[PDB]
There are 2 protein chains.
Amino acid sequence: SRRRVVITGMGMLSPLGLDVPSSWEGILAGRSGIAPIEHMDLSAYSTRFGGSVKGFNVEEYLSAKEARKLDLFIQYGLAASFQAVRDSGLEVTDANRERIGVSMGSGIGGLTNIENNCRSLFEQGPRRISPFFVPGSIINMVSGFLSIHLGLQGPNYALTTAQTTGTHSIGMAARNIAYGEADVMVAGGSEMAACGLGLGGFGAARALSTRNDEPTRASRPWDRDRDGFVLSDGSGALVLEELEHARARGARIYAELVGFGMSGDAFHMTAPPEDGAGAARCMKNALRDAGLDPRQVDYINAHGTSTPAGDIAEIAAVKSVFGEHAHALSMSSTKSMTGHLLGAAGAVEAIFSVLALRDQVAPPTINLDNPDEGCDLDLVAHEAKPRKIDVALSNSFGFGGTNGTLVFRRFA
Amino acid sequence: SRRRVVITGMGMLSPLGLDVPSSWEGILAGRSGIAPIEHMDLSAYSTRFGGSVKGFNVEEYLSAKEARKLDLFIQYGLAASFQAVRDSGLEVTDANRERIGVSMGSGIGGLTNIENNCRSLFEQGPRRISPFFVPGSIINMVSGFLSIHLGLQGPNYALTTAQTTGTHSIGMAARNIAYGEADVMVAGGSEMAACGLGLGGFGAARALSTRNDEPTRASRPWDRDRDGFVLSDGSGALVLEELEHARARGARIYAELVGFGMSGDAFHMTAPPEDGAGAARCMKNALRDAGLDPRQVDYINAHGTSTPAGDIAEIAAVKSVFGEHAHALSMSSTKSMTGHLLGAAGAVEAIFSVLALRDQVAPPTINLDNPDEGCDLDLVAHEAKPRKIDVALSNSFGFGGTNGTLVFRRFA
Ligand SMILES: CC(=O)Nc1cccc(NC(N)=O)c1
């Protein structure tokens, strides 16, 4: 029967730092990780900025010989995974290696690599395609390479559910442990879609902020002057662990994962429904899964992408799920500071949600100068808000009408 | 305790046919779907052949306008999914739509779309990238588009575990139903990687058969003259259904899904370990999950890719799991006929495992003219073998050492 699941380790690369504590300090100080992109010429592009990981050194983790074969999304995935496993204190042994798996996902995976090899194919010929093209680019190889490096023989898989990937990865990993398929899972996501096809593709859909002259003010969830999301890069990994297993080894427990919801919108390939009906179904699934009264929810880490339709749909969904309690909880979008890490969004945001529980503080929504029509909740505008938080919720929504909710609470 | 899961609907595109009965007819006849690839310049490539879907008419499923927005891999997934649902006779209503979900996956995703958009990007710049590039290319859009078309509001996600995708998708969909998270799931996978990037990428790793002179003899699992896998395209979808729900509406039940196994090799990025230790753990996990003794297994649909290391690893693994029963079971590779559909391999091979149960026949391993050293099992060489089949296994072993096993049993 269903076992309980706690968080014993976390790891991160974000536009705000090369680990969790450095990223969290930026979150709490309301710092932007958004800047003009330096790693390519974007003068032909309508969007020329985003949340880059600054000063990442893959040789802190892996030999340059192996790193050369791997897309940045995999490098980012392994970095955050190695941080999480070390943060857990867990020792992999012959006695437990079959009971430790990994579920690290990505929305797009190795787009930079596929682009670079596409360039080789068209400019030279197929003889110049890397022998490492396939294993160095496909989405399941964060899970693959992590298992090879650490000797993890448990369930080994990857989700790809677009901007919901991190939330789904973590939730389904928790189910694996809940149901006895594993005692430990490394789960989250990673993304590096800042290449020509990535910025060009989101640019073609007119989905991205074009505020090139003030990139730090571009991401403004629920602000009336918002004009699309800011594309960001990085990784979040969490060590999920069966409660008694964690207790038995004296693990430090950050928080308990008590609820997981999924639901499809079945509305539109890319647009959310204005009323937030799919997000509402998903949160209600997650709160019932947690055995909670919705009034127990203190803090929501919103999806909060800074799109016109997305932001308002989320207000509608929260008001519909929480009624008058929608005015008592605190909801913020850390995307105001990090931008939108796509498949890694749910992973870093799950970590920020856990850290809101540890430090009893709601992260700010920076740049919320003029809340839009109907955006009249506590959105923690401008400055972090210290407050009681026993129960934190993290929402993700994606293309395909795919929805995910994680519910975390303090563990005593 | 756990709900029982049955198969009520199947759909397929393969190199053997545009549906299940045409495909299955080819399988039992020992027909190859392998031929030189047409309408594509492979002059500079070391491999010029594979398993194409011949004569696919997407307008049987979608408007020309909707189909223009979607990669072939998505078109193929949608075709299989629509066939499977139609095959199941299921009626979606307001009363059940929240209990019907989708998990359709892909190993490699939208290479053909990425290729054509790269052409435009390098030649003319980013302003010629399609607006539908991103949603028309990402792996979760088969689940997304299917959920929107049929109004499915259940769990909506997509796996990507390389050549293990289809097996994992079906297995995890079955878990969703068993543990009460859904009553119906559409699950499987699709693949169209017969582009320059697919043929080039696998060709650069020298993973492909280069037997251009006799394409139909190229895929020869366990034969001493095999020289790598044959790249194939298509889709498999199954309607998975909770038994009481199936019985209540008078569903036709093909077979019961009784066991699902996952494992990681934690060995190498593309090669299995010689003794197939990971595949052996996976199969043991699957049988434990089914509450079955290895002696009860009658038929195994092998991974059987026709790679030197892969084929021998699977023989070691079966001999280890099945001891004195290893020769009594029949094991065949339908990849001898279909080639390797990568992420859709596990989906179409699940369907072939179910039909071996329905028709009491082991499909052949064609081209097994000279079994290699140690390949002395009943590999059903050349011709289909009528026999008793109560319990059928389907194995997938993928890049990153990710393993999947499905156990199907006769239902009456
Ligand atoms: C035709 C022949 O005799 N030899 C040969 C040798 C190397 C490369 C190729 N061409 C290729 N597309 O791989 C052909």
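Residues numbered from 1 in each chain as written, not as in the entry; some residues may be left out. Chains lettered and ligands numbered in written order. Heavy atoms only, no water.

In the PDB header, X-ray crystallography is given as the technique by which the entry was determined, and 1.7500 Å as its resolution.

Here the focus is the overall build of chain A. Counting its secondary structure elements, chain A contains 12 helices and 14 strands. Against the 2.2 N^0.38 benchmark of 22 Å for 412 residues, chain A shows a C-alpha radius of gyration of 20 Å, consistent with a compact globule. By principal-axis analysis of the C-alpha atoms, chain A measures approximately 65 × 55 × 40 Å. Taking all 412 residues of chain A together, the buried fraction comes to 69%. Partitioning the intrachain contacts of chain A with sequence separation of at least 6 by distance along the chain shows that 79% fall at a separation of at least 24. Split by element, the accessible area of chain A, about 13,000 Å² in all, is 47% carbon and sulfur. Of the charged side chains in chain A, 37 are positive and 45 negative, and the gap between their average positions amounts to 3 Å. (Helix = DSSP H or I, 4+ residues; strand = E, 2+ residues; numbered from the N terminus. Rg over C-alpha atoms; globule rule 2.2 N^0.38 Å. Buried < 20%, exposed > 50% of the residue type's maximum accessible area, 1.4 Å probe, protein only. Contact = heavy atoms within 4.5 Å. Areas by Shrake-Rupley, 256 points an atom, 1.4 Å probe, with all protein chains shown as cover. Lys, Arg positive; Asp, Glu negative; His and termini not counted. Charge placed at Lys NZ, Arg CZ, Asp CG, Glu CD.)

Every contact between the two is made by 69 residues of chain B and, on the other side, 69 residues of chain A. Contact between chain B and chain A buries roughly 5,600 Å² in total, counting both sides, with carbon and sulfur atoms accounting for 71%. Taken together, chain B and chain A are joined by 2 salt bridges. Residue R175 of chain B pairs with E181 of chain A through a salt bridge whose shortest N-O separation is 2.8 Å. Where chain B touches chain A, the interface holds 15 residue pairs in polar contact. Secondary structure elements with two or more residues in the side of chain B that touches chain A: α4 (111–124), α5 (141–150), β5 (156–157), α6 (165–178), α7 (196–204) and β8 (255–264) of chain B. (Buried area = accessible area lost by both parts, 1.4 Å probe. Salt bridge = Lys/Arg side-chain N within 4 Å of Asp/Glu carboxyl O. Polar contact = N/O pair within 3.5 Å; in protein donor to acceptor, adjacent residues only side chain to side chain.)

The next subject is the site of the ligand. Around the ligand, the structure places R127 of chain A together with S43, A44, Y45 and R48 of chain B. The ligand is flanked by residues contributed from chains A and B. Take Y45 of chain B: an N or O atom from its main chain is 3.2 Å from a nitrogen atom of the ligand. Protein burial of the ligand: of its 370 Å² of free accessible surface, 28% is covered by the chains. A per-class count over the shell around the ligand returns 2 nonpolar, 1 polar and 2 charged. (Near = heavy atom within 4 Å. Nonpolar A, V, L, I, M, F, W, Y, C, P; charged D, E, K, R; others polar.)

Moving on: the relation of the copies chain B and chain A. These two copies of the chain differ by a rotation about an axis and a displacement along the same axis. Mapping chain B onto chain A calls for a rotation angle of 179° and an axial translation of 0.0 Å; the resulting RMSD is 0.4 Å. The superposition of one copy onto the other is thereby described by a two-fold rotation axis. When each C-alpha of chain B is compared by its distance to the rotation axis, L159 of chain B comes out closest, at 2.4 Å. Counting the interface residues of chain B, we find that 97% of their copies in chain A are interface residues as well, pointing to one common contact surface. (Least-squares fit on C-alpha atoms.)

This part takes up the pattern of salt bridges. All names here are of chain A. According to the stated counting rule, one finds 52 salt bridges over all chains in the structure shown. With a closest N to O distance of 2.7 Å, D183 and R99 form a salt bridge. Here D183 is found in the loop between α6 (165–178) and β6 (184–191), whereas its partner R99 is found in the loop between α3 (72–88) and β4 (100–105), with 84 residues between them in sequence. With relative accessibility at 14%, the residue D183 sits in the buried group. The network of salt bridges with common partners includes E214, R217, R220, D223 and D369.

As a further point, take the pairing of strand β1 (residues 5–13) of chain B. Residue and element names in this part refer to chain B. Counting buried residues in β1 gives 9 out of 9 residues, a clear majority hidden from the surface. Looking at chain direction, β1 and β8 are connected through 3 bridges and run antiparallel. Bridged to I7 within β8 is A255. (Pairing = 2+ DSSP bridges.)

Glancing now at the domain arrangement of chain A. Residues and elements named next belong to chain A. Under the domain assignment used here, chain A contains domain 1 (6–259) and domain 2 (260–412). Here the C-alpha centroids of domain 1 and domain 2 sit 20 Å apart. Each side of the interface is counted separately: domain 1 has 70 residues, and domain 2 has 70 residues. With both chains or domains summed, domain 1 and domain 2 bury close to 5,500 Å², and 67% of this area falls on carbon and sulfur atoms. Three residues, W24, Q163 and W222, lead the burial of domain 1 against domain 2; their summed loss comes to 18% of the area buried on that side. Summed over the shared surface of domain 1 and domain 2, the number is 5 salt bridges. Across the pair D369 and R220 runs a salt bridge whose closest N-O atoms are separated by 2.8 Å. Counting across the interface, domain 1 meets domain 2 through 34 residue pairs in polar contact. Counting residues per element, the side of domain 1 that touches domain 2 draws most heavily on α6, at 8 residues. Of the residues in the side of domain 1 that touches domain 2, the class split is 32 nonpolar, 26 polar and 12 charged. (Domains from an automatic or database assignment.)

Membership of the largest hydrophobic core comes to 116 residues, with the highest contact counts inside it found for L231 of chain A together with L62, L78, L197 and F202 of chain B. The contacts of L231 of chain A, once residues within four sequence positions are left out, are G50, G51, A193, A194, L199, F202, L208, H340 and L342 of chain A. One finds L240 of chain A together with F352, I389 and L406 of chain B within the second-largest nonpolar core, a separate group that totals 94 residues. (Core = buried A, V, L, I, M, F, W, Y, C linked by side-chain atoms within 4.5 Å.)

Quick look at helix α4 (residues 111–123) of chain A now. For α4 of chain A, built from 13 residues, the straight-helix expectation of 18 Å at 1.5 Å per residue is met to within 8% by its first-to-last C-alpha distance of 18 Å. Taken together, the buried positions of α4 of chain A are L111, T112, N113, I114, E115, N117, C118, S120 and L121 of chain A. (Expected span 1.5 Å × (residues − 1).)

Residues and elements named next belong to chain B. The topology assignment puts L90 in the loop between α3 (72–88) and β4 (100–105). Residues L90 and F322 lie 232 residues apart in sequence; the distance between their C-alpha atoms is 38 Å. Residues within four places of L90 in sequence aside, it is in contact with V85, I100, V184, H245 and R249.

Okay, the sheet that holds strand β7 (residues 234–242) of chain B next. All names here are of chain B. The sheet built from 10 strands is open, its strands ordered β5-β4-β6-β7-β1-β8-β14-β13-β9-β10 with mixed pairing. Among the strands making up the open sheet, the edge pair consists of β5 and β10 (330–332). The sheet strands contacting α5 are β4, β5 and β6 (184–191), and the helix crosses β4 at an angle near 150°. (Axes fitted to C-alpha atoms, helices over the stretch in contact; angles between N-to-C directions.)

It is worth spelling out the UniProt feature "domain: Ketosynthase family 3 (KS3)" (unreviewed entry) in chain A at this point. Under the feature "domain: Ketosynthase family 3 (KS3)" (unreviewed entry), the UniProt entry names residues 2–410 of chain A. Each end of residues 2–410 of chain A is marked by a C-alpha atom, and these two atoms are 19 Å apart; helix forms 32% of the span and strand 18%. (UniProt positions renumbered as here; feature names shortened; annotations may be inferred.)

What follows concerns the sheet that holds strand β8 (residues 255–264) of chain A. All names here are of chain A. Strand order in the open sheet formed by 10 strands is β5-β4-β6-β7-β1-β8-β14-β13-β9-β10, and the pairing between neighbours is mixed. Taken across any chain shown, the strands that pair with only one partner, and hence form the sheet edges, are β5 (156–157) and β10 (330–332). Bridge analysis of strand β9 (residues 299–301) against β10 gives 3 bridges, and the strand direction is parallel. Paired with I300 across the two strands is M331, which belongs to β10.

It is worth spelling out the pairing of β8 of chain B at this point. Residues and elements named next belong to chain B. Counted residue by residue, β8 has 10 buried out of 10 residues, so it is predominantly covered. With 8 bridges connecting them, β8 and strand β14 (residues 402–409) associate as antiparallel partners. Residue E256 lies in a different strand from β14, and its bridge partner there is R409.

With that settled, the discussion passes to the side chain of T164 of chain B. Relative to the helices and strands, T164 of chain B is located in the loop between β5 and α6. Setting aside anything within four residues of it in sequence, one finds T164 of chain B in contact with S396, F397, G398, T402, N403 and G404 of chain B.

With that settled, consider the packing of α4 of chain B against α7 of chain B. Residues and elements named next belong to chain B. Following both chains from N to C, one finds α4 and α7 inclined at 105°, their axes separated by 8 Å at the closest point. Taken together, the axes of α4 and α7 lie roughly perpendicular to each other. Contacts between α4 and α7 involve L111, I114 and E115 from the first element and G196, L197 and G198 from the second. Of the residues that constitute the contact of α4 with α7, the class distribution is 3 nonpolar, 2 polar and 1 charged. (Parallel < 35°, antiparallel > 145°, perpendicular 65-115°, else oblique.)

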